[PDB]
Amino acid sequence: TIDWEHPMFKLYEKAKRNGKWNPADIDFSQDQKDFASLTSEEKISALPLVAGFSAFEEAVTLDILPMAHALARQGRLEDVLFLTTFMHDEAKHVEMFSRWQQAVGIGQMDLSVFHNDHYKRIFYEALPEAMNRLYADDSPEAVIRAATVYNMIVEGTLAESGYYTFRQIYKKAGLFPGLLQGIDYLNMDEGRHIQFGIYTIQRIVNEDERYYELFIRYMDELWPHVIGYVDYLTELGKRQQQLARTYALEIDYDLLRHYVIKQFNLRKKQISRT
């Protein structure tokens, strides 16, 4: 049979229990009114963060497939069962942001303008290259690098900080309750995605403590582009402060920044050398 005690079978079971939410059930009618109420300058304030998320949700939905292939080819059946929940979660994440964009009237609008160079180095290179590599090279090194970029950086550092940022800004304002319900569901799903990456990296590290060094190195290789995108969104936020003024939000970009730094270092600390 299945190995019922396998950590990824247990995570698969939790995913089924905790993954019933449906983006089609979220009421976005108030978000539509909120967005319509905003000034043109308040309207822009929110779009860079939605742009960063929308694109990556689509990217990881497509880019997790090579990991499922590689682990399937290695006969890791429980990992594959769990990854069917991962891929389905990401599909719902694509759906959720696309429903919000449609509801508030920006579906026809092209948000790529808010992807700078550092973003693109992660989104159009580091991520798809590392995942696609697994189709021809499933070595421990390749699998660690894939989980590091996908689960520890894209999800474990950027997404987690993006969820926090969303709450720090719009939950305060009382704005966009449907989007924030969605963000709460995404954040719950993301816990399991990150735990998959931790388990995958740890079980490879457990074979040969020298893989720990590779993990730390790949995290550090990506940090410059993490902070460079974060700096660029900070610059944007500081230059368009009408939403912050209108809604009495002292948006503390220094606290966000230290949260990103904090996310990055705590992901490192969830991998043990021994």
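Residue indices: 1-based, along the sequence shown.
- On average the C-alpha atoms of 107-115 have higher B-factors than those of the other stretch, with 160-168 and 107-115 being the two compared.
- Legend: mean Cα B-factor per stretch from the PDB entry, 187-195 versus 119-127; the higher mean is in 119-127.
- Within the group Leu249, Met219, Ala68, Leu62, the record's highest C-alpha temperature factor is found at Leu249.
- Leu11: CA B factor in the lowest third of modelled residues in this chain (values from the PDB entry).
- Annotation for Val80: CA B-factor lies in the lowest third of the chain's modelled residues.
- Sorting the modelled residues of the chain by their CA temperature factor places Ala173 in the highest third.
- Ranked against the other modelled residues of its chain, the C-alpha B-factor of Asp34 as given in the entry falls in the middle third.
- The PDB entry assigns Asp27 a C-alpha temperature factor belonging to the middle third of its chain's modelled residues.
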